[PDB]
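Okay, here we've got a single chain as structure tokens, the form deposited in one PDB entry, with questions on binding and movement later.
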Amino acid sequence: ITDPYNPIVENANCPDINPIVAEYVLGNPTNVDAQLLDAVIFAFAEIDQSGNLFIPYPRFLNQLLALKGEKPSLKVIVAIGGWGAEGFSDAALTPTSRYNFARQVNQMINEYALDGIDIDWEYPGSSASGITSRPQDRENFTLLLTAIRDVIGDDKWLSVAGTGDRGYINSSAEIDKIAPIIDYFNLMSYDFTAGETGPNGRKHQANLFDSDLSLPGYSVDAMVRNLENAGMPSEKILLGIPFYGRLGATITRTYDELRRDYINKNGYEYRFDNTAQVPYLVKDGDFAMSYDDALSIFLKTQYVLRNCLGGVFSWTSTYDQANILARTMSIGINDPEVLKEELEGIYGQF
């Protein structure tokens, strides 16, 4: 071994970034471990048919807030939106509608003593999920974010969830204009094969780098670079990691389901794509599942540290009820030497 993979712990080119660890939390938050995390993002507040915010199961939000009893530094954020969530094109449309949305955001912050909000509009200018869209959404989104920041002030968190493909950057968001308004861009660098079938669905959903098993232009690295090139500061990007597997458009499984029923079980076999830097499963000779494991999370957290990004997040905590992946993500940021040592217990010294 002449070329050891020596982990970065602190990047001397950006000391004083203190990258964060977050999880989106969809549903019952019983297993969330605050000790691992800097932030939790409740998913989701909805926009009802009258334009009003709605929280389905408020006790779950309250339970996340109560984690601040154990860890007062924890930030508790509410995400508004999600895939299929209607209401944003209308909310962004006019000075009146933007005021109204911002008013409701701040009322929600005050009601729950939140640390801030995440905006998850999927996506401005696109009706891919069935939601209303308009060609004015991209410019109107900037104005909406300004309306929100103006009301909530500088000392509350504002983030935007989005992607780093060229289409999002050109058609959905004005990256250079939203950058100064937001604290974080939550890069959902996964789901690359959502919407692909046949041979193109039998590809990685979240490969770090390109390989023969990846879709052209779709890699975590490409999305980060596209965002940086479009004017998002590195330190505002949070790199998203899926805690589920995908095969094309039609198959998803939680990490807990993969461990129980798929990984080296039921005819599915583990593989690691050393080029793309992600694991996958094969069955009957075919690519059969794309997911993240401890090794790929080590490599993605090293990418965060090496590239002076703002941090890392998971989608979602409840897909990993034992906090196996969450722990890896947390130590990948905060104690990478321990993660490397653990990995050398499986792969030998590297």
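One-based numbering along the sequence shown. By rigid core we mean the largest C-alpha set that fits within 1.5 Å across both forms. Only residues modelled in both forms are compared.
One more form of this protein, deposited in another entry, exists but is not displayed; see below.
- Among the candidates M289, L61, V40, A45, the CA atom that moves 2 angstroms or more between the shown form and the other one after core superposition belongs to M289 alone.
- After superposing the rigid core, the Cα of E139 is displaced by less than 2 Å between the shown form and the other one.
- Core-superposed comparison between the shown form and the other one: the C-alpha position of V21 differs by less than 2 Å.
- Put the two forms on the same core and the Cα of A276 is off by 2 Å or more between the shown form and the other one.
- Every Cα shifting by 2 Å or more, across three or more consecutive residues, marks a moved region; comparing between the shown form and the other one on the rigid core, the sole such region is 264-350.
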